[PDB]
Amino acid sequence: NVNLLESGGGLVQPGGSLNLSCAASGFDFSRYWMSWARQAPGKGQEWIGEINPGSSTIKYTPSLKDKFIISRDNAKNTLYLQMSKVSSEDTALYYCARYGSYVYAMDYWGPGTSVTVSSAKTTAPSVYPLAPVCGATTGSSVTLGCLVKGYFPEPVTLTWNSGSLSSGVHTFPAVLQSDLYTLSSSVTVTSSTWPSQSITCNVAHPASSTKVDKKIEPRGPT
Amino acid sequence: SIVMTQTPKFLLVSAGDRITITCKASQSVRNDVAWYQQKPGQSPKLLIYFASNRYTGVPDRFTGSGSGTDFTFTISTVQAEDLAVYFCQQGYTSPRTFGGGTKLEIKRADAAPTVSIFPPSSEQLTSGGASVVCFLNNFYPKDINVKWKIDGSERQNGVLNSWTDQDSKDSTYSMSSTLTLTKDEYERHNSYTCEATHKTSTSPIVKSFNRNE
Ligand SMILES: *[C@@H]1O[C@H](CO[C@@H]2O[C@@H](C)[C@@H](O)[C@@H](O)[C@@H]2O)[C@@H](O[C@@H]2O[C@H](CO)[C@@H](O[C@@H]3O[C@H](CO)[C@@H](O)[C@H](O)[C@@H]3O)[C@H](O)[C@H]2NC(C)=O)[C@H](O)[C@H]1NC(C)=O
């Protein structure tokens, strides 16, 4: 049960500082080299640096050697990335990864923690349920929508019926405009399940401590 | 600092095909090259290390070869679930740089989109803004044209489109087209239409509603 879990990502001011951490479990962290990598939006993976078990050897990609610091606390099974002098080029998903025994290859990667370098302010989304057109739908199936408008920064998480509704979902990538993102998600279910049974979209925006659910019902006076 | 030039950048293949990706190192990296697979929304997984060795549990489909500066990665029989970005890395010397990645795209049969149009939410118009949403779902291939029509006339400003990645299950794409109006502008007109021109048909798919309905 090898596991890595990054945390500490979020919004940071250009020129500012931010500390990432990565909790290791399911293996003896103190025996392994650890590394950090990052993936900017739309770009490829970029290796950040590595550190050996005893912290005696720490290496960085040159662009980052004077602004990022890697450390580890073996007593806590935790790997750290101290980011400083950050700019928009540092906006990325940051991954911690373990080197395999006897190889400089990253045999397990964490899920990543998102970092945004920006002057723009955190803004919660408005969330809107999208019911079908007013006419009672013909056909065996129904498509519903959830619109998530005007939040900053990324990301938002959107589920349907607390995630117990996973099939027939499409969550469309956020689009950024005027330092505000908009995203939507469609769910298609059989007309035998809606509207006779409830469907809700669950929207969480961690950066604004926001958690908004919207039940979707047919349009019309109530 | 060593550059890993990975080719091709994009790759369109059908299930069953042999594919070969190439990584060219700007100077020798001995045998010390790993290959990774990164599916949409997932972290990378190690497939190949020291250029030619499958990591534990990696299926026989995946192989690698090379030494010095020329390295290849091969999927002998491409399967739908192999939809992902594949990238190399040299680990001979720090910095242990990655290649630029190869985006693998799965060829499937052509499918027309299922189109659904949505009036502005009951809950939105109070805010003074009005978003008209058109979902175009489960179509192939990716390219598609969405035309918005207000009362019969075309509208180009205020439209924003967003595509999903290829679904790993059915290899289709989905797209949302969002027309953003003010409440006041939304209320000036009655007929709202989104037209989906896709190569699967000469005839556009048309979904429409009237605001006072
Ligand atoms: C990011 O983390 C650094 C490093 O701190 C260490 O590493 C982290 C990953 C965690 O494990 C920490 O628990 C751990 O200590 C933080 O740097 C620390 O900042 C404080 C100030 O906030 C420093 O204290 C000062 O020290 C000077 C002496 O040089 C005194 O004059 C000051 O009065 C004050 O006491 C501390 O020394 C410093 N530690 C190191 C090792 O540099 C940093 O604050 C943190 N950044 C963010 C944004 O969270």
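The rules behind each value
- Residues numbered from 1 in each chain as written, not as in the entry; some residues may be left out.
- Chains lettered and ligands numbered in written order.
- Heavy atoms only, no water.
- Salt bridge = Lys/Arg side-chain N within 4 Å of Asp/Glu carboxyl O.
- Helix = DSSP H or I, 4+ residues; strand = E, 2+ residues; numbered from the N terminus.
- Buried < 20%, exposed > 50% of the residue type's maximum accessible area, 1.4 Å probe, protein only.
- Contact = heavy atoms within 4.5 Å.
- Pairing = 2+ DSSP bridges.
- Domains from an automatic or database assignment.
- Buried area = accessible area lost by both parts, 1.4 Å probe.
- Nonpolar A, V, L, I, M, F, W, Y, C, P; charged D, E, K, R; others polar.
- Axes fitted to C-alpha atoms, helices over the stretch in contact; angles between N-to-C directions.

X-ray crystallography is the method the PDB entry states for this structure, with the resolution given as 1.950 Å.

A. Representation of the pattern of salt bridges within the structure. On inspection of all chains with the given rule, the structure shows 15 salt bridges over all chains. Taking the shortest distance from any N to any O, the salt bridge between B:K24 and B:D70 comes out at 2.9 Å. Taken as a pair, B:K24 in strand 3 (residues 19-25) and B:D70 in strand 8 (residues 70-75) lie far apart in primary sequence, 46 residues in all. Here the salt bridges share partners, and the residues they tie into one network are A:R38, A:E46, A:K67 and A:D90.

B. View of the environment of A:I70. Residues and elements named next belong to chain A. Topologically, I70 is positioned in strand 7 (residues 68-73). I70 sits in the buried class, given a relative accessible area of 2%. On a C-alpha basis, the gap between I70 and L130 in space is 46 Å, while along the polypeptide they are 60 residues apart. When residues no more than four places from it in sequence are discounted, the contact partners of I70 are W36, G49, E50, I51, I58, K59, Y60, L79, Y80 and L81.

C. Summary view of the sheet that holds strand 2 (residues 10-14) of chain B. Residue and element names in this part refer to chain B. Spatial ordering of the open sheet is given by 2-10-9-4-5-6, a layout of six strands whose pairing is mixed. Each of the sheet's edge strands pairs with one partner strand only, and the pair in question is strand 2 and strand 6 (53-54). When strand 5 (residues 45-49) meets strand 6, the two strands line up antiparallel, connected through two bridges. Counterpart to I48 in the pairing with strand 6 is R54.

D. View of the domain arrangement of chain A. Residues and elements named next belong to chain A. For chain A, the domain assignment lists domain 1 (1-120) and domain 2 (121-222). Measuring from the centre of the C-alpha atoms in domain 1 to the corresponding centre in domain 2 gives 33 Å. Opposite the six residues of domain 1 that make contact, domain 2 presents seven residues. Buried area between domain 1 and domain 2, both sides added, is near 440 Å², and the carbon and sulfur share of it is 67%. Contact with domain 2 buries surface across domain 1, with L11, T116 and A120 losing the most and accounting together for 77% of the total. The interface formed by domain 1 and domain 2 includes zero salt bridges. When its residues are assigned to classes, the side of domain 1 that touches domain 2 shows two nonpolar, four polar and no charged.

E. Quick peek at the environment of A:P155. Residue and element names in this part refer to chain A. Relative to the assigned elements, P155 resides in the loop between strand 13 (141-151) and strand 14 (157-160). Sequence-wise, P155 and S21 are 134 residues apart; in three dimensions their C-alpha atoms are separated by 19 Å. Not counting residues within four places of it along the chain, the set of residues in contact with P155 comprises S114, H205 and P206.

F. How the structure looks around the sheet that holds strand 15 (residues 159-163) of chain B. Residue and element names in this part refer to chain B. What the four strands build is an open sheet, ordered 11-12-16-15; its pairing is antiparallel. Strands at the two margins of the open sheet, each flanked by one partner only, are strand 11 (114-118) and strand 15. Strand-to-strand twist of the sheet, defined as the mean angle between neighbouring strand axes without regard to direction, takes the value 15 degrees. Pairing geometry for strand 11 and strand 12 (residues 129-139), over five bridges, is antiparallel.

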